[PDB]
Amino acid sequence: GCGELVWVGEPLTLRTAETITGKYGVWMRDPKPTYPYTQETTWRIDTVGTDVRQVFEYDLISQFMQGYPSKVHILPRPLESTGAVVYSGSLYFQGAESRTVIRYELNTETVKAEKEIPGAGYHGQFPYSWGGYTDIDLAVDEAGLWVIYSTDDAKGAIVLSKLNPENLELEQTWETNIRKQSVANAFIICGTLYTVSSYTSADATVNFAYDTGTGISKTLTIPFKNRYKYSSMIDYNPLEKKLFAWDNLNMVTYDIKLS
């Protein structure tokens, strides 16, 4: 059910943060939901601040849009930036001021694993073009769990590693030829890395693709809008086959078309 990205639609705002604390952040659903969660369970993390620990959890989409949280997790570890994902019942996030990825089982609220991403730059070393301590960007696609980062050895270019979702061991690593700080964000669809770059605060384009299957790179032009002029997060959800983004207090989704 895969294919290559050929179109990104216009943003649909699902919810707007109540306070300036939610100016940027990350919101997520589980592409492989596990009991007691479902494909509707939605997690939200406002990442404005210096000690981010609160994760808001909504059982229903209707609730995410108009109601209150079902549960609020207080993370044991401090969370960094907006690269986190939820996958198979666990929140995967980066420890504040570290290159450590943490697996946090949501239903038991237990940390199942913590692992340094070998050689990965962190806390401002290899951020996306706009900064934001976005050095490390987790991703989920049709094949499982990934991490997007860079190293001194890769010369600041985007590196991507397939991760073991249980213990976070790196299974395979790819080195691209695109400077990570040259793009505003990135995501993976069907084993292909796509990067997004911004001409302005409101105008963006999917501008580059790297196929992990062939190691073949390619330049693209797939325009789309940052309606609210400050996009801090853009991820792909392989279940819904849509892009989830956070844009200036607004949690939005994008329709896409695959070949």
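The first residue of the shown sequence is 1; numbering continues from there.
A.B. asks: Quick one: higher average CA temperature factor, 50-58 or 197-205?
C.D. replies: Per the PDB entry, the higher value belongs to 197-205.
A.B. asks: If you take the mean CA temperature factor per stretch, which one wins between 11-19 and 243-251?
C.D. replies: Between 11-19 and 243-251, it is 11-19 that shows the higher mean C-alpha B-factor.
A.B. asks: Can you tell me which of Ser129, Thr151, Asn164, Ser81 has the highest Cα temperature factor in the record?
C.D. replies: If I rank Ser129, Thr151, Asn164, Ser81 by C-alpha B-factor, first place goes to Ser81.
A.B. asks: What's the residue among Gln172, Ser182, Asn185, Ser98 with the greatest CA temperature factor in the PDB record?
C.D. replies: Reading the PDB entry, the winner on C-alpha B-factor is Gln172.
A.B. asks: When the deposited Cα B-factors of this chain's modelled residues are ordered and cut into thirds, is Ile74 in the lowest, the middle or the highest one?
C.D. replies: It belongs to the middle third of the chain when residues are ordered by C-alpha B-factor.
A.B. asks: In terms of the CA temperature factor given in the entry, to which third of its chain does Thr41 belong: lowest, middle or highest?
C.D. replies: Lowest third - that is where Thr41 ends up once the chain's C-alpha B-factors are sorted.
A.B. asks: Sorting the chain's modelled residues by C-alpha B-factor, tell me whether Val26 ends up in the lowest, middle or highest third.
C.D. replies: For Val26, the deposited C-alpha B-factor lands in the lowest third.
A.B. asks: Quick one: classify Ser88 as lowest, middle or highest third of the chain based on its Cα B-factor.
C.D. replies: Middle third by C-alpha B-factor.
A.B. asks: Could you tell me which third, lowest, middle or highest, the C-alpha B-factor of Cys2 occupies within its chain?
C.D. replies: As the PDB entry reports it, the C-alpha B-factor of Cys2 lands in the highest third of its chain.
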